[PDB]
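> The structure follows.
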Protein chains: 2
Amino acid sequence: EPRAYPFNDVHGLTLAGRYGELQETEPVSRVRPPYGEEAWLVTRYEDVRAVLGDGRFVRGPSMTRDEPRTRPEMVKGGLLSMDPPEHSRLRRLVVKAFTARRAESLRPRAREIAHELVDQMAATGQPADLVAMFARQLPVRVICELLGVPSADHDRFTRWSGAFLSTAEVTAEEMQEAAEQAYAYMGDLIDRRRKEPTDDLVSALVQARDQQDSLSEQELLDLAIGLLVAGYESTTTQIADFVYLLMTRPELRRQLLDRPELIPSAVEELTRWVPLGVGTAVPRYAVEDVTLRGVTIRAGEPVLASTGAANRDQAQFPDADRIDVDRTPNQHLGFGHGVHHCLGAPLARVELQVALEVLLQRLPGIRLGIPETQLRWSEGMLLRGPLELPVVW
Amino acid sequence: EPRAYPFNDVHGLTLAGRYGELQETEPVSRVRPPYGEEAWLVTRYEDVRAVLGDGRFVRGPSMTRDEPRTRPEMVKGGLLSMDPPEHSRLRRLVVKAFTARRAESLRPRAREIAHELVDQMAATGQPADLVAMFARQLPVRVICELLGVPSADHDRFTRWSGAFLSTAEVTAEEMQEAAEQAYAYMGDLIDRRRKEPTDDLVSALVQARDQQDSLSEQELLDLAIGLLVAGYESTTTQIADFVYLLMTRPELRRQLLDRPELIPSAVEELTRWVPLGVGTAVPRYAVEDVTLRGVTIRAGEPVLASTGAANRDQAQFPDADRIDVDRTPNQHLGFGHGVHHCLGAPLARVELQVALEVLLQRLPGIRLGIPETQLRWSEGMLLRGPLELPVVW
Ligand SMILES: CC[C@H]1OC(=O)/C=C/[C@H](C)[C@@H](O[C@@H]2O[C@H](C)C[C@H](N(C)C)[C@H]2O)[C@@H](C)C[C@@H](C)C(=O)/C=C/C=C/[C@]1(O)CO[C@@H]1O[C@H](C)[C@@H](O)[C@@H](OC)[C@H]1OC
Ligand SMILES: CC[C@H]1OC(=O)/C=C/[C@H](C)[C@@H](O[C@@H]2O[C@H](C)C[C@H](N(C)C)[C@H]2O)[C@@H](C)C[C@@H](C)C(=O)/C=C/C=C/[C@]1(O)CO[C@@H]1O[C@H](C)[C@@H](O)[C@@H](OC)[C@H]1OC
Ligand code: HEM
Ligand code: HEM
């Protein structure tokens, strides 16, 4: 009797038709996921937004419950699993050091990195795999620059962080040693920035103060690693998805070639339109009985709030299925909302603006080097994107 | 400048959002297929119906053209490769023998075969592969019945026919040997039926006459074996896809369990809704310059008419993306239209109605035996449906 969920087919970026049907007829409904408990699905923009910004919906039970999810393991911990007030303290300290200014300051280095990755693609010659060569490379190198990892070490961060990808084919024993080595490096680097501060993020976290608090050694170390993981896969996938769309939606490519000044606005409109997630935001749990648009969610029931479906909700975005690079307003939920709203978002926007800008500067004739019927899509089951994008230009 | 086409991915039944965009803004557009010549893609119901019904679009050049298509080899020949008047002669004789009345008379043996397969499937315990044990078994056995293959040879016949499926893992030599034996067998049976007529279809085809004309020895053979192939894979795949939908859409399962008399209507509505083909109907070729929606289609250009998109057109079907078993009217194009309209359609309706009726009658708790997200999909590249459907009940 609950619907089998996810609805989205991972082999592509198409929004499941069942969402539009639910948004009209059963905006809060019962779903059964591949693993974990039955849950409530929330689909409309107002409701998704209410849920994510209502402190009555918490994340803390995720530490002990059998969470609704697509994969048999549970991934627990980090900032996304924490509730106010301990969440709030870490976040206040991180957003103090990790500011929009600091994001903006990395644009010139992000462009240099993107151009170097295109040079390497030019050198290997066509067709070249935009996924392996650019999308999987840029986000992790940019995050290494943000944190302050010396560039001599960026190659091997890339290799370690690759073990933490939901698409990775690694043994659990290889992934564990990748994690031990990553942590050991970062703990060492935090210790070097303590004794001798630089202008990088690790130094600024070591010395951030709020009221009278500061991050502890372990907090620093978890938060640095977390930012790397949080920052990598989601950015890589969304680059791969945006290029894929530029290659398959010709009116969109033409527009941004004609008017590159529309790129920042195009990044917001694609973040809105691409239903990136296979399913929803990580489950929230009702702290007490709450009524949501006539349906009572009892205390402790999990809620799956779809930002995907929300961002395509006709009541909020007129002609919601149209990509309109000049759409205003565009208050989308693609970076979340409320206390857990993406703290990487100013940087992710810079990376996505730079990726588009540079790719269209360098490879304006870019297109798929294979038929779409032969694209391989990711079956990681967390985000939707291509495994390889062979391109010609 | 042409888009790559097909847009659909093979691994599911998702209808590409680009189809709706083209239906609104570019209902006749240039595309490039994975193999063969560039072509015109037609997507509105009116237009696809007009193409398929209009004698100016012929199939004869398929015999010598580099046809737009999804697999490297070409499958040419059979009735579908013919034009009036030779097509007309063959068809008139076939539908003389192969009547709606003959197809209905097979309902009670189809039910018996279906119960037998349910019994065999139940005996292998749960979970059971609904595809291998039921969907790939019913259509070929019923075509065997239709033709008058004696029931003792259905198992061998099923093994030969199996070699012709687009999913088949056979070598070239294996497929040739299967064809050669299937030809000799069918040859032998035709001769046996000429000497001693029975009430089966092979007998009716030997005896059928029209304006004093009749089928030759070679024609009969190729029509007989042609009916087996046209009738096997498509009905098997549509069984699999209908049952997959019933197991994943609980309200649809519920309505048909409550009201089995809705089944006929449901088979129509699902035939409409399911974009069974990866791509379009096989290409038609304009005999002379034709205008279609104000775009000039030059003589000889291939024309890809998407019955998948047509059946999903909002201009024809209110709420076209919604499955409504009581949809009326439902003038869908899932069995083609015009002179090459599916001539097995009455029998396919019988098989699909029987497949639903017997499974829901015997296994009313049937449901997936693994998460939908873990289903494996066919990569035959022609029709879409699951490779395997582990079920429990
Ligand atoms: C897809 C991105 C997402 O990926 C993840 O959640 C990472 C998932 C991988 C698959 C995990 O590794 C697997 O663990 C299994 C026990 C064995 C698998 N192999 C060995 C066979 C192995 O691959 C986790 C456990 C890996 C470790 C290093 C980890 O904790 C990674 C965390 C990273 C989380 C993320 O990078 C960020 O988390 C996501 O952030 C989004 C913004 C949230 O919306 C949400 O997205 C779905 C949330 O997803 C759970
Ligand atoms: C998707 C359904 C479609 O299947 C097909 O079209 C299936 C075609 C498969 C994919 C082909 O098999 C491949 O051939 C390759 C050269 C090698 C591959 N292996 C060995 C690596 C092999 O798998 C073709 C060649 C199979 C042969 C036996 C064949 O001619 C099959 C024809 C079957 C046609 C169909 O079963 C039905 O299509 C029929 O096509 C005829 C040509 C038409 O006249 C018409 O039949 C009346 C039409 O039905 C309405
Ligand atoms: C296109 C790229 C990105 C997308 C689409 C994205 C999306 C999101 C979303 C939707 C959330 C909220 C999840 C929820 O509430 O369930 C989130 C949180 C978060 N993001 Fe991102 N993100 C991206 C890039 C980044 C980057 C580059 C970083 C770091 C540099 C980052 C760091 C984080 C962290 C640490 C959280 C947890 C915040 C908290 O719980 O307080 N993200 N992101
Ligand atoms: C659900 C199963 C079936 C579906 C969805 C289906 C669909 C179709 C379609 C859409 C066409 C027209 C294709 C075109 O014009 O390009 C066609 C043709 C054809 N069908 Fe079927 N069909 C099915 C079952 C059957 C069966 C059981 C038989 C045999 C008894 C059969 C025999 C044929 C033949 C011989 C043709 C070619 C007709 C001609 O060219 O004149 N089909 N079918």
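Chain labels follow the order of the structure tokens: the first chain is A, the next B, and so on; residue numbering restarts at 1 in every chain, and ligands are counted from 1 in their shown order.
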For residue 124 of chain A, list every protein, DNA or RNA residue within 12 Å, evaluated using only C-alpha atoms, and leave out those in the same chain fewer than 6 positions away; present the list as a list in words.

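My list of contacting residues is residues 117, 118, 130, 133, 391 and 392 of chain A.
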
> Can I get the selected residues back with C-alpha atoms, as a compact mmCIF listing (two decimals), in the first residue's frame?


# COMPACT_ATOMS: atom_id res chain seq x y z
CA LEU A 117 42.37 20.27 -17.06
CA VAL A 118 41.17 21.30 -20.54
CA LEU A 130 34.96 14.84 -19.59
CA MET A 133 39.34 14.35 -16.91
CA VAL A 391 33.26 14.38 -25.91
CA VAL A 392 34.50 15.74 -29.24

> Could you list, as a PDB file with N, CA, C and O atoms, in the first residue's frame, every residue of chain B that has an atom within 7 Å of an atom of chain A, counting only C-alpha atoms?


ATOM      1  N   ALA B   4      20.951  14.076 -31.495  1.00  0.00           N
ATOM      2  CA  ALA B   4      21.032  12.636 -31.349  1.00  0.00           C
ATOM      3  C   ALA B   4      19.671  12.070 -30.927  1.00  0.00           C
ATOM      4  O   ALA B   4      18.985  12.651 -30.090  1.00  0.00           O
ATOM      5  N   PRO B   6      17.680   7.931 -30.480  1.00  0.00           N
ATOM      6  CA  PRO B   6      16.688   8.092 -29.392  1.00  0.00           C
ATOM      7  C   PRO B   6      17.198   8.906 -28.198  1.00  0.00           C
ATOM      8  O   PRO B   6      18.421   9.006 -27.994  1.00  0.00           O
ATOM      9  N   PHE B   7      16.232   9.456 -27.444  1.00  0.00           N
ATOM     10  CA  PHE B   7      16.415  10.237 -26.272  1.00  0.00           C
ATOM     11  C   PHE B   7      16.276   9.311 -25.051  1.00  0.00           C
ATOM     12  O   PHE B   7      16.986   9.487 -24.058  1.00  0.00           O
ATOM     13  N   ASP B   9      16.473   6.324 -22.491  1.00  0.00           N
ATOM     14  CA  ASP B   9      17.448   5.304 -22.123  1.00  0.00           C
ATOM     15  C   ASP B   9      16.768   3.927 -22.140  1.00  0.00           C
ATOM     16  O   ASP B   9      15.576   3.816 -21.793  1.00  0.00           O
ATOM     17  N   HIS B  11      17.124   1.532 -19.998  1.00  0.00           N
ATOM     18  CA  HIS B  11      16.980   0.895 -18.695  1.00  0.00           C
ATOM     19  C   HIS B  11      15.800   1.406 -17.896  1.00  0.00           C
ATOM     20  O   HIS B  11      15.986   1.924 -16.779  1.00  0.00           O
ATOM     21  N   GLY B  12      14.607   1.301 -18.448  1.00  0.00           N
ATOM     22  CA  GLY B  12      13.398   1.638 -17.681  1.00  0.00           C
ATOM     23  C   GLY B  12      12.331   1.960 -18.694  1.00  0.00           C
ATOM     24  O   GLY B  12      12.517   1.626 -19.871  1.00  0.00           O
ATOM     25  N   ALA B  16      11.269  10.243 -22.241  1.00  0.00           N
ATOM     26  CA  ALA B  16      12.080  11.478 -22.318  1.00  0.00           C
ATOM     27  C   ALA B  16      11.234  12.746 -22.295  1.00  0.00           C
ATOM     28  O   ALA B  16      10.231  12.852 -23.061  1.00  0.00           O
ATOM     29  N   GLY B  17      11.618  13.690 -21.426  1.00  0.00           N
ATOM     30  CA  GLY B  17      10.991  15.018 -21.399  1.00  0.00           C
ATOM     31  C   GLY B  17      11.143  15.820 -22.721  1.00  0.00           C
ATOM     32  O   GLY B  17      10.277  16.633 -23.077  1.00  0.00           O
ATOM     33  N   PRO B  34      21.863   6.266 -34.029  1.00  0.00           N
ATOM     34  CA  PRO B  34      23.194   5.804 -33.681  1.00  0.00           C
ATOM     35  C   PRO B  34      23.843   5.170 -34.900  1.00  0.00           C
ATOM     36  O   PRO B  34      25.067   5.224 -35.026  1.00  0.00           O
ATOM     37  N   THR B 248       4.306  -2.164  -9.052  1.00  0.00           N
ATOM     38  CA  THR B 248       4.928  -0.942  -8.523  1.00  0.00           C
ATOM     39  C   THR B 248       3.912   0.186  -8.361  1.00  0.00           C
ATOM     40  O   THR B 248       4.216   1.206  -7.704  1.00  0.00           O
ATOM     41  N   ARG B 249       2.721   0.000  -8.944  1.00  0.00           N
ATOM     42  CA  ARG B 249       1.633   0.951  -8.783  1.00  0.00           C
ATOM     43  C   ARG B 249       0.429   0.354  -8.079  1.00  0.00           C
ATOM     44  O   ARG B 249      -0.510  -0.146  -8.754  1.00  0.00           O
ATOM     45  N   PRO B 250       0.449   0.412  -6.722  1.00  0.00           N
ATOM     46  CA  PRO B 250      -0.506  -0.326  -5.898  1.00  0.00           C
ATOM     47  C   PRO B 250      -1.928   0.024  -6.203  1.00  0.00           C
ATOM     48  O   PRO B 250      -2.740  -0.881  -6.170  1.00  0.00           O
ATOM     49  N   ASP B 321       0.220  11.716 -19.129  1.00  0.00           N
ATOM     50  CA  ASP B 321       1.219  10.948 -18.402  1.00  0.00           C
ATOM     51  C   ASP B 321       0.637  10.102 -17.250  1.00  0.00           C
ATOM     52  O   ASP B 321       1.375   9.354 -16.563  1.00  0.00           O
ATOM     53  N   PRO B 371      14.388  -4.886  -4.465  1.00  0.00           N
ATOM     54  CA  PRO B 371      14.058  -3.459  -4.686  1.00  0.00           C
ATOM     55  C   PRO B 371      14.023  -3.093  -6.175  1.00  0.00           C
ATOM     56  O   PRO B 371      14.891  -3.589  -6.948  1.00  0.00           O
TER      57      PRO B 371
END

> Neighbouring residues of segment 28-31 of chain B were defined as those with any atom within 10 Å, considering only C-alpha atoms; residues of the same chain fewer than 4 positions away were excluded. Please report them as a PyMOL selection string.

chain B and resi 1-6+22-23+37-44+47+68+292-297+303-305

> As a ChimeraX atom specification, please: every protein or nucleic acid residue near ligand 2 (cut-off 8 Å, counting only C-alpha atoms and all ligand atoms).

/B:71-81,163-172,175-176,179,223,226-227,229-234,342,380-383

> Check which residues fall inside 8 Å of ligand 4 when counting only C-alpha atoms and all ligand atoms, and print them as a ChimeraX atom specification.

/B:52,78-82,87,91,139,143,223,226-239,271,276,281-283,307,333-345,347-349,351-352

> Ranking B:287, B:152, B:195, B:90 by minimum distance to residue 222 of chain B and counting only C-alpha atoms, which one comes first?

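Checking each candidate against residue 222 of chain B, we get B:90 as the closest.
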
> One decimal, Å: what's the distance from atom CA of residue 308 of chain B over to atom CA of residue 384 of chain A, could you say?

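A separation of 24.2 Å between them.
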
> Can you work out which one of A:67, A:313, A:188, A:129 has the shortest atom-to-atom distance to residue 45 of chain A, counting only C-alpha atoms?

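Looking only at the distances to residue 45 of chain A, the closest residue turns out to be A:313.
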
> Could you pull out the residues in segment 42-262 of chain A that DSSP calls strand (DSSP E or B) from the backbone, as a list in words?

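DSSP on the backbone gives strand (DSSP E or B) at residues 42, 57, 58, 69, 128, 129, 210 and 213 of chain A.
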
> Identify, on the basis of only C-alpha atoms, every residue whose closest approach to residue 328 of chain A does not exceed 12 Å; exclude the query and any residue fewer than 2 positions from it along the same chain; express the result as JSON, numbers by chain.

{"A": [265, 266, 268, 269, 272, 316, 317, 318, 323, 324, 325, 326, 330, 331, 332]}

> Would you return as a PyMOL selection string the members of segment 305-371 of chain B that DSSP assigns to alpha helix (DSSP H) on this structure's backbone?

chain B and resi 307-310+345-362

> Atom CA of residue 270 of chain B and atom CA of residue 245 of chain B, how far apart in Å?

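If I compute the distance from atom CA of residue 245 of chain B to atom CA of residue 270 of chain B, I get 8.9 Å.
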